[PDB]
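Reading through the C-alpha cells given below for one structure.
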Amino acid sequence: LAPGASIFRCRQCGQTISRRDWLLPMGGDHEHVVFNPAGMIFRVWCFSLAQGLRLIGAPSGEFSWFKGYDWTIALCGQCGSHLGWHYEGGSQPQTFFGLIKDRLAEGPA
Ligand SMILES: O=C1CC[C@@H](Nc2ccccc2)C(=O)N1
Ligand SMILES: [Zn+2]
C-alpha cells in the first residue's frame with residue numbers, strides 16, 4: 001500500500017529513470033564502489049533496466065569495472081546530468097545499467 005521507495009528519478013530534474021524492482025545483484029551485490037582514472041569515486045547501483053537516459057558515443061572496453069562488458073556514458077535524457085553507464089557485449093546478462101546512487105532520488109510510483 002502506497003510504497004514511497006518504488007521509482008528512481010533524476011535528482012536534478014525529476015526524469016523517470018528506474019525502479020527498486022529492477023535492481024540487479026551483479027557479483028552477488030547491487031552496490032559496487034569504483035573509481036575512474038581521474039580518481040573520482042562512485043557508489044554504483046546495477047539495474048537490469050532503465051529509461052529516460054541518453055547513451056552518448058560508442059561502447060569502450062577501456063578500464064571497464066565489469067569484466068567482459070563495454071560501457072557507454074548514460075546522461076539524463078532531460079537535463080544532461082551524468083547518471084552513469086550502460087554496459088553491453090557481455091554474458092548473463094548481456095546488458096545492464098550502472099547508475100550513480102547519489103544522482104537519483106527514490107520515491108512513490
Ligand atoms: O566501467 C567504467 C566506466 C567509466 C570509466 N571512466 C573512464 C573515464 C575516463 C577514461 C576512461 C574511463 C571507468 O573507469 N570504468
Ligand atoms: Zn535530469
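Letters for chains follow the order of the C-alpha cells (A, B, ...), residue numbers begin at 1 for each chain, and ligand numbers begin at 1 in the order shown.
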Pull the closest atom pair for each residue of chain A that gets at most 10 Å from ligand 1, along with the distance in Å to one decimal, counting only C-alpha atoms and all ligand atoms, ordering rows by chain and then ascending residue number, as JSON lines.
```
{"residue": "A:34", "atom": "CA", "partner": "ligand 1", "partner_atom_place_in_ligand_line": "15 (N)", "distance": 7.7}
{"residue": "A:35", "atom": "CA", "partner": "ligand 1", "partner_atom_place_in_ligand_line": "14 (O)", "distance": 6.3}
{"residue": "A:36", "atom": "CA", "partner": "ligand 1", "partner_atom_place_in_ligand_line": "14 (O)", "distance": 3.7}
{"residue": "A:37", "atom": "CA", "partner": "ligand 1", "partner_atom_place_in_ligand_line": "14 (O)", "distance": 5.7}
{"residue": "A:38", "atom": "CA", "partner": "ligand 1", "partner_atom_place_in_ligand_line": "8 (C)", "distance": 6.8}
{"residue": "A:39", "atom": "CA", "partner": "ligand 1", "partner_atom_place_in_ligand_line": "14 (O)", "distance": 8.9}
{"residue": "A:40", "atom": "CA", "partner": "ligand 1", "partner_atom_place_in_ligand_line": "6 (N)", "distance": 8.8}
{"residue": "A:41", "atom": "CA", "partner": "ligand 1", "partner_atom_place_in_ligand_line": "14 (O)", "distance": 9.8}
{"residue": "A:42", "atom": "CA", "partner": "ligand 1", "partner_atom_place_in_ligand_line": "4 (C)", "distance": 9.7}
{"residue": "A:59", "atom": "CA", "partner": "ligand 1", "partner_atom_place_in_ligand_line": "3 (C)", "distance": 9.9}
{"residue": "A:60", "atom": "CA", "partner": "ligand 1", "partner_atom_place_in_ligand_line": "12 (C)", "distance": 8.3}
{"residue": "A:61", "atom": "CA", "partner": "ligand 1", "partner_atom_place_in_ligand_line": "1 (O)", "distance": 7.7}
{"residue": "A:62", "atom": "CA", "partner": "ligand 1", "partner_atom_place_in_ligand_line": "11 (C)", "distance": 5.9}
{"residue": "A:63", "atom": "CA", "partner": "ligand 1", "partner_atom_place_in_ligand_line": "14 (O)", "distance": 4.7}
{"residue": "A:64", "atom": "CA", "partner": "ligand 1", "partner_atom_place_in_ligand_line": "1 (O)", "distance": 3.4}
{"residue": "A:65", "atom": "CA", "partner": "ligand 1", "partner_atom_place_in_ligand_line": "1 (O)", "distance": 4.0}
{"residue": "A:66", "atom": "CA", "partner": "ligand 1", "partner_atom_place_in_ligand_line": "1 (O)", "distance": 6.3}
{"residue": "A:67", "atom": "CA", "partner": "ligand 1", "partner_atom_place_in_ligand_line": "1 (O)", "distance": 9.0}
{"residue": "A:69", "atom": "CA", "partner": "ligand 1", "partner_atom_place_in_ligand_line": "1 (O)", "distance": 8.1}
{"residue": "A:70", "atom": "CA", "partner": "ligand 1", "partner_atom_place_in_ligand_line": "1 (O)", "distance": 7.5}
{"residue": "A:71", "atom": "CA", "partner": "ligand 1", "partner_atom_place_in_ligand_line": "3 (C)", "distance": 5.7}
{"residue": "A:72", "atom": "CA", "partner": "ligand 1", "partner_atom_place_in_ligand_line": "3 (C)", "distance": 7.4}
{"residue": "A:73", "atom": "CA", "partner": "ligand 1", "partner_atom_place_in_ligand_line": "4 (C)", "distance": 7.3}
{"residue": "A:84", "atom": "CA", "partner": "ligand 1", "partner_atom_place_in_ligand_line": "4 (C)", "distance": 7.8}
{"residue": "A:85", "atom": "CA", "partner": "ligand 1", "partner_atom_place_in_ligand_line": "3 (C)", "distance": 6.3}
{"residue": "A:86", "atom": "CA", "partner": "ligand 1", "partner_atom_place_in_ligand_line": "3 (C)", "distance": 8.6}
{"residue": "A:87", "atom": "CA", "partner": "ligand 1", "partner_atom_place_in_ligand_line": "1 (O)", "distance": 8.0}
{"residue": "A:98", "atom": "CA", "partner": "ligand 1", "partner_atom_place_in_ligand_line": "1 (O)", "distance": 8.5}
```
Would you save the residues of that selection, restricted to C-alpha atoms, as a PDB file, in the first residue's frame?
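After the write, again_16.pdb holds the following:
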```pdb
ATOM      1  CA  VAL A  34      34.544   2.054  -8.037  1.00  0.00           C
ATOM      2  CA  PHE A  35      36.972   4.781  -9.163  1.00  0.00           C
ATOM      3  CA  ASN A  36      37.813   6.122 -12.638  1.00  0.00           C
ATOM      4  CA  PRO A  37      41.328   7.003 -13.925  1.00  0.00           C
ATOM      5  CA  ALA A  38      40.795  10.644 -12.700  1.00  0.00           C
ATOM      6  CA  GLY A  39      40.412   9.050  -9.184  1.00  0.00           C
ATOM      7  CA  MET A  40      36.706  10.060  -8.900  1.00  0.00           C
ATOM      8  CA  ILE A  41      34.875   7.579  -6.536  1.00  0.00           C
ATOM      9  CA  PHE A  42      31.324   6.445  -7.485  1.00  0.00           C
ATOM     10  CA  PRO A  59      30.969   1.463 -26.426  1.00  0.00           C
ATOM     11  CA  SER A  60      34.536   1.238 -24.964  1.00  0.00           C
ATOM     12  CA  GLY A  61      36.083  -1.703 -23.039  1.00  0.00           C
ATOM     13  CA  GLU A  62      38.784   0.699 -21.643  1.00  0.00           C
ATOM     14  CA  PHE A  63      39.018   0.426 -17.806  1.00  0.00           C
ATOM     15  CA  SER A  64      35.584  -1.328 -17.584  1.00  0.00           C
ATOM     16  CA  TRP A  65      34.725  -2.040 -13.898  1.00  0.00           C
ATOM     17  CA  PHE A  66      32.775  -5.199 -15.030  1.00  0.00           C
ATOM     18  CA  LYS A  67      34.872  -7.919 -16.760  1.00  0.00           C
ATOM     19  CA  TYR A  69      31.441  -5.516 -20.665  1.00  0.00           C
ATOM     20  CA  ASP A  70      31.887  -2.395 -22.835  1.00  0.00           C
ATOM     21  CA  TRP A  71      30.448   0.908 -21.462  1.00  0.00           C
ATOM     22  CA  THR A  72      28.688   3.983 -22.876  1.00  0.00           C
ATOM     23  CA  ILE A  73      28.127   7.176 -20.837  1.00  0.00           C
ATOM     24  CA  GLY A  84      26.137   6.503 -15.023  1.00  0.00           C
ATOM     25  CA  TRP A  85      26.875   3.987 -17.830  1.00  0.00           C
ATOM     26  CA  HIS A  86      25.169   1.394 -19.999  1.00  0.00           C
ATOM     27  CA  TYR A  87      27.112  -1.921 -20.142  1.00  0.00           C
ATOM     28  CA  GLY A  98      25.412   1.086 -13.617  1.00  0.00           C
TER      29      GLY A  98
END
```
Return as JSON lines the residues of chain A lying at most 10 Å from ligand 2, together with the closest atom-to-atom pair for each and the distance in Å to one decimal, counting only C-alpha atoms and all ligand atoms, with rows in chain order and ascending residue number.
```
{"residue": "A:9", "atom": "CA", "partner": "ligand 2", "partner_atom_place_in_ligand_line": "1 (Zn)", "distance": 7.8}
{"residue": "A:10", "atom": "CA", "partner": "ligand 2", "partner_atom_place_in_ligand_line": "1 (Zn)", "distance": 4.6}
{"residue": "A:11", "atom": "CA", "partner": "ligand 2", "partner_atom_place_in_ligand_line": "1 (Zn)", "distance": 6.5}
{"residue": "A:12", "atom": "CA", "partner": "ligand 2", "partner_atom_place_in_ligand_line": "1 (Zn)", "distance": 4.9}
{"residue": "A:13", "atom": "CA", "partner": "ligand 2", "partner_atom_place_in_ligand_line": "1 (Zn)", "distance": 4.3}
{"residue": "A:14", "atom": "CA", "partner": "ligand 2", "partner_atom_place_in_ligand_line": "1 (Zn)", "distance": 6.0}
{"residue": "A:15", "atom": "CA", "partner": "ligand 2", "partner_atom_place_in_ligand_line": "1 (Zn)", "distance": 5.5}
{"residue": "A:16", "atom": "CA", "partner": "ligand 2", "partner_atom_place_in_ligand_line": "1 (Zn)", "distance": 8.7}
{"residue": "A:17", "atom": "CA", "partner": "ligand 2", "partner_atom_place_in_ligand_line": "1 (Zn)", "distance": 9.0}
{"residue": "A:52", "atom": "CA", "partner": "ligand 2", "partner_atom_place_in_ligand_line": "1 (Zn)", "distance": 8.7}
{"residue": "A:53", "atom": "CA", "partner": "ligand 2", "partner_atom_place_in_ligand_line": "1 (Zn)", "distance": 8.7}
{"residue": "A:75", "atom": "CA", "partner": "ligand 2", "partner_atom_place_in_ligand_line": "1 (Zn)", "distance": 7.9}
{"residue": "A:76", "atom": "CA", "partner": "ligand 2", "partner_atom_place_in_ligand_line": "1 (Zn)", "distance": 4.6}
{"residue": "A:77", "atom": "CA", "partner": "ligand 2", "partner_atom_place_in_ligand_line": "1 (Zn)", "distance": 6.8}
{"residue": "A:78", "atom": "CA", "partner": "ligand 2", "partner_atom_place_in_ligand_line": "1 (Zn)", "distance": 5.2}
{"residue": "A:79", "atom": "CA", "partner": "ligand 2", "partner_atom_place_in_ligand_line": "1 (Zn)", "distance": 4.1}
{"residue": "A:80", "atom": "CA", "partner": "ligand 2", "partner_atom_place_in_ligand_line": "1 (Zn)", "distance": 6.1}
{"residue": "A:81", "atom": "CA", "partner": "ligand 2", "partner_atom_place_in_ligand_line": "1 (Zn)", "distance": 5.5}
{"residue": "A:82", "atom": "CA", "partner": "ligand 2", "partner_atom_place_in_ligand_line": "1 (Zn)", "distance": 8.4}
{"residue": "A:83", "atom": "CA", "partner": "ligand 2", "partner_atom_place_in_ligand_line": "1 (Zn)", "distance": 8.2}
{"residue": "A:103", "atom": "CA", "partner": "ligand 2", "partner_atom_place_in_ligand_line": "1 (Zn)", "distance": 8.9}
{"residue": "A:104", "atom": "CA", "partner": "ligand 2", "partner_atom_place_in_ligand_line": "1 (Zn)", "distance": 8.9}
```
Checklist entry - When DSSP works through the backbone of this structure, what residues of stretch 10-106 of chain A end up as strand (DSSP E), shown as a PyMOL selection string? => result chain A and resi 10+16-19+31-35+41-47+53-60+70-76+82-88+96-100+104-106
Store the residues picked out above in a file with C-alpha atoms, as a PDB file, in the first residue's frame.
```pdb
ATOM      1  CA  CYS A  10      16.958  12.101 -11.792  1.00  0.00           C
ATOM      2  CA  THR A  16      11.841   8.848 -14.653  1.00  0.00           C
ATOM      3  CA  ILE A  17      14.960   6.558 -14.708  1.00  0.00           C
ATOM      4  CA  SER A  18      14.399   3.143 -12.969  1.00  0.00           C
ATOM      5  CA  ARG A  19      12.665   1.131 -10.172  1.00  0.00           C
ATOM      6  CA  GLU A  31      26.128  -1.893  -4.914  1.00  0.00           C
ATOM      7  CA  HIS A  32      29.752  -1.563  -6.288  1.00  0.00           C
ATOM      8  CA  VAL A  33      32.132   1.257  -5.177  1.00  0.00           C
ATOM      9  CA  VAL A  34      34.544   2.054  -8.037  1.00  0.00           C
ATOM     10  CA  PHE A  35      36.972   4.781  -9.163  1.00  0.00           C
ATOM     11  CA  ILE A  41      34.875   7.579  -6.536  1.00  0.00           C
ATOM     12  CA  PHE A  42      31.324   6.445  -7.485  1.00  0.00           C
ATOM     13  CA  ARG A  43      28.812   4.382  -5.475  1.00  0.00           C
ATOM     14  CA  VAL A  44      27.216   2.451  -8.384  1.00  0.00           C
ATOM     15  CA  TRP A  45      23.886   0.524  -8.229  1.00  0.00           C
ATOM     16  CA  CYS A  46      23.329  -2.055 -11.032  1.00  0.00           C
ATOM     17  CA  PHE A  47      19.880  -2.113 -12.692  1.00  0.00           C
ATOM     18  CA  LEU A  53      18.637   8.261 -20.435  1.00  0.00           C
ATOM     19  CA  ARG A  54      20.691   9.387 -23.499  1.00  0.00           C
ATOM     20  CA  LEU A  55      23.638   6.985 -24.268  1.00  0.00           C
ATOM     21  CA  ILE A  56      26.492   9.035 -25.774  1.00  0.00           C
ATOM     22  CA  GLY A  57      29.227   7.867 -28.163  1.00  0.00           C
ATOM     23  CA  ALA A  58      30.109   4.234 -28.933  1.00  0.00           C
ATOM     24  CA  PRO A  59      30.969   1.463 -26.426  1.00  0.00           C
ATOM     25  CA  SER A  60      34.536   1.238 -24.964  1.00  0.00           C
ATOM     26  CA  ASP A  70      31.887  -2.395 -22.835  1.00  0.00           C
ATOM     27  CA  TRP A  71      30.448   0.908 -21.462  1.00  0.00           C
ATOM     28  CA  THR A  72      28.688   3.983 -22.876  1.00  0.00           C
ATOM     29  CA  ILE A  73      28.127   7.176 -20.837  1.00  0.00           C
ATOM     30  CA  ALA A  74      24.426   7.489 -19.785  1.00  0.00           C
ATOM     31  CA  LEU A  75      23.158  11.104 -19.411  1.00  0.00           C
ATOM     32  CA  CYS A  76      19.733  12.083 -18.119  1.00  0.00           C
ATOM     33  CA  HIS A  82      25.756  12.296 -15.925  1.00  0.00           C
ATOM     34  CA  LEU A  83      23.772   9.449 -14.216  1.00  0.00           C
ATOM     35  CA  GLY A  84      26.137   6.503 -15.023  1.00  0.00           C
ATOM     36  CA  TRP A  85      26.875   3.987 -17.830  1.00  0.00           C
ATOM     37  CA  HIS A  86      25.169   1.394 -19.999  1.00  0.00           C
ATOM     38  CA  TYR A  87      27.112  -1.921 -20.142  1.00  0.00           C
ATOM     39  CA  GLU A  88      26.846  -4.218 -23.237  1.00  0.00           C
ATOM     40  CA  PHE A  96      22.718  -3.680 -17.692  1.00  0.00           C
ATOM     41  CA  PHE A  97      23.000  -0.140 -16.283  1.00  0.00           C
ATOM     42  CA  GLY A  98      25.412   1.086 -13.617  1.00  0.00           C
ATOM     43  CA  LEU A  99      23.818   4.245 -12.124  1.00  0.00           C
ATOM     44  CA  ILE A 100      25.390   6.639  -9.558  1.00  0.00           C
ATOM     45  CA  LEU A 104      18.991   9.581  -8.257  1.00  0.00           C
ATOM     46  CA  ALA A 105      16.009  10.308  -5.967  1.00  0.00           C
ATOM     47  CA  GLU A 106      13.841   7.444  -4.634  1.00  0.00           C
TER      48      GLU A 106
END
```
Item to check | Which of chain A fall in helix (DSSP H, G or I), as an NGL selection string | outcome: :A and (20-22 or 101-103)
Checklist entry - Could you work out how far atom CA of residue A:91 lies from atom CA of residue A:51, giving the answer in Å with one decimal? => result 21.3 Å
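The space separating atom CA of residue A:109 from atom CA of residue A:25 comes to 22.1 Å.
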Item to check | A:20, A:95, A:90, A:27 ranked by distance to residue A:3, top pick (using only C-alpha atoms) | outcome: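 Going through A:20, A:95, A:90, A:27 one by one, the smallest distance to residue A:3 is for A:20.
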Checklist entry - atom CA of residue A:49 to atom CA of residue A:29: how many Å, to one decimal? => result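 If I compute the distance from atom CA of residue A:49 to atom CA of residue A:29, I get 16.2 Å.
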